[PDB]
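Next comes just one chain, in structure tokens: the form solved without the partner chain.
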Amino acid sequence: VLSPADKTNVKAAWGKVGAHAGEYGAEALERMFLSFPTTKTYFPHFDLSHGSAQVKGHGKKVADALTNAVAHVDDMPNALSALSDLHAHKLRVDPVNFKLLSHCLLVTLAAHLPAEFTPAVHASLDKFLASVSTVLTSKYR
């Protein structure tokens, strides 16, 4: 569970992301595709080329969803219900892939927020992405 501390940490770091969320989302995807090629099996319909508009478009969507989870940090299961349903019933992404994206999201944030990416914030952000992942995978079976 996220502690008050975690919550402050997440709102704070995500606060700094601001208007770059979209670009950071796209970057996390690219890092994931390059480091964990098996994740590509879920995007057979995408142009995964460098600077693909599809990836750009997709990065925004993911970033928008994370931003929404931050905005509703005290009611994530409900704020993300729809997305939980989509992933469980249509996309059917194997659970292990969530951990891969989370990791690439952490890398991206680290690379962009040197001052804010403290040990404590790193820990809170990891717990946060784990919670989002848990929600998105909660209706799988």
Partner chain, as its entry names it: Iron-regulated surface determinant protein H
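Residue numbers count along the first chain shown, from 1. In this text, rigid core is short for the largest set of C-alphas that superpose within 1.5 Å between two forms.
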Higher-deviation stretch (C-alpha RMS, rigid core fit) in 6 other deposited structures of this protein, choosing from 85-93 and 37-45:
85-93
Higher-scoring stretch by recorded Cα B factor average, 118-126 or 12-20
12-20
Compare the mean C-alpha B-factor of 40-48 with that of 88-96 as given in the PDB entry, and name the stretch with the higher value.
40-48
Maximum C-alpha temperature factor, selected from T108, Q54, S102, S35
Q54
Based on the PDB record, which member of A69, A63, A28, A82 exhibits the highest Cα temperature factor?
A82
Assert third(CA B-factor, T137) within chain per record equals lowest
